[PDB]
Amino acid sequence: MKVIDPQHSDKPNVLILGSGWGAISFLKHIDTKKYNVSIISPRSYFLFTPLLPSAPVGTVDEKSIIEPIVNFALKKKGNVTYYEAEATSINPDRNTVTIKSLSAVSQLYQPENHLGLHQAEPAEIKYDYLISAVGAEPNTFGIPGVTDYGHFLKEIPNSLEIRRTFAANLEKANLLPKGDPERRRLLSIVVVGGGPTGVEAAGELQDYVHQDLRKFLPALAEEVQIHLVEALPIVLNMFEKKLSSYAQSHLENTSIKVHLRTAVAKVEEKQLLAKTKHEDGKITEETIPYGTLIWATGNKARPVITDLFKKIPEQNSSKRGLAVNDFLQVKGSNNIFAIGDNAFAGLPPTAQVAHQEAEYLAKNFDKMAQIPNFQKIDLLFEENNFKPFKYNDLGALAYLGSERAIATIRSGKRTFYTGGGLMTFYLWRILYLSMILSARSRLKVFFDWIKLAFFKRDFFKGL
């Protein structure tokens, strides 16, 4: 029951799923004069994901790296509607999306109708065009105990989960004798995954222990050991070998224990079982005690996207995401497009890709608005002469803790970077500041870093 469907104004109804890099980047550029835009997301704010590993330890505050959706939609003059809910089903034949857990509906620049909805009432939202940018969810690879005892580093609530857990562990630990193995275990941290997220989590967590906890509890800070576990033989494989080696070397210098070629077989309450392949080809088993476990590895398709694979013939054999065109149209559909991590275009699952794909698609949409026929669609694209999406790889950045970073800025073939250590850290900061999507978030993080210089981090367990 319940079908929300506005059809008086002579503009196509465009429906966006998500409020992340794809959805919000698309929202910033879509022509709200030519189109009526509706967003569906259970998260009422944009998350600047590259600074999330700084949240738990309080190098940056949570509020500093998030921006409410409404602020973005307010800069758009035309009509925008936001449904604070999550899409549970996409319905191609009906051209509707079923929602669930409706918390609120905000209708900006719309002094008009009342939809007649109640909180947590199921509803279908009609669309003329659909943009899917729901993202991916963390992948445990079916390794037992990951979700039971481990914390992902995916969203803002995960930042609070980790702080509470580690804070509780530090308190419990400090009441025990120095020899006690339980004290050593509770002070131990394990981060799984050697990508930017894992490495930066480990580095920020190490920055806290050395720079803050050491000042008032040096006996504890000394006993804290951070571990970083990676299945491949190299950390940060998207960088050059020279930079990976420096990244690894540097982490080791700050007393982070790097387990390369090590895969977690199972996670228990107080330890994880890890297998390690050695140079010669032999496999050995380890046990790594831990008090806090951070899981920052693979991506998996969401149920909403998985369910949609079955409803479209040519998506039936998809796995990692929606198989998409060079025009970012979902294969088999006439009016659904997919950008970011939820779409498979043979590109990396990065914000950089989601951003470009969004800009590309938004520019295609105002081009559609001028052509009479868009007032079957696959053929119109190639017939009306406009370009396939071409990803330009701008490179990669990464913070390694202790005021050192690695960077590679490029464009096309030409590489032109400065990727040492302390200088790259200052670059890493300025560059991250410049690609924040709002002035508020930009000023907030800026103030966070200035405060850090003088007073070094807030670590409140209940806040």
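In this text, residue numbers run from 1 along the sequence as written. Rigid core (definition): largest C-alpha set, two forms, superposition within 1.5 Å.
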**Report entry** Rigid core superposition result in 7 other deposited structures of this protein, more deviant of 95-103, 145-153 by Cα
**Finding:** 95-103
Report task. Consider 418-426 and 50-58 separately and indicate which one has Cα atoms farther, on average, from the shown form in 7 other deposited structures of this protein after rigid core alignment. Result -> 418-426
Query raised in the report: From residue 375 on to residue 376, does the model leave out none, 1 to 3, 4 to 9, or 10 or more residues of the deposited sequence?
Result: 4 to 9
Report summary line: Of 202-210 and 277-285, the stretch with the higher mean C-alpha B-factor in the deposited entry is 277-285
Report summary line: Mean B factor on CA atoms, stretches 124-132 and 236-244, record says higher is 236-244
Query raised in the report: Reading the B-factor column of the entry, which of 417, 45, 48, 399 has the highest value at its C-alpha atom?
Result: 417
Report task. Quick one: which of 313, 157, 303, 150 shows the highest Cα temperature factor in the PDB entry? Result -> 313
Requested in this report: Relative to the other modelled residues of the same chain, rank the CA B-factor of residue 68 and answer lowest, middle or highest third.
Outcome: lowest
Requested in this report: Could you tell me which third, lowest, middle or highest, the C-alpha B-factor of residue 461 occupies within its chain?
Outcome: lowest
Query raised in the report: By the record's CA B-factor, is residue 395 among the lowest, middle or highest third of residues in the chain?
Result: middle
Query raised in the report: Which third of the chain holds residue 109 when residues are ordered by C-alpha B factor: lowest, middle or highest?
Result: highest
Query raised in the report: Relative to the other modelled residues in the chain, which third contains the C-alpha temperature factor of residue 341: lowest, middle or highest?
Result: lowest
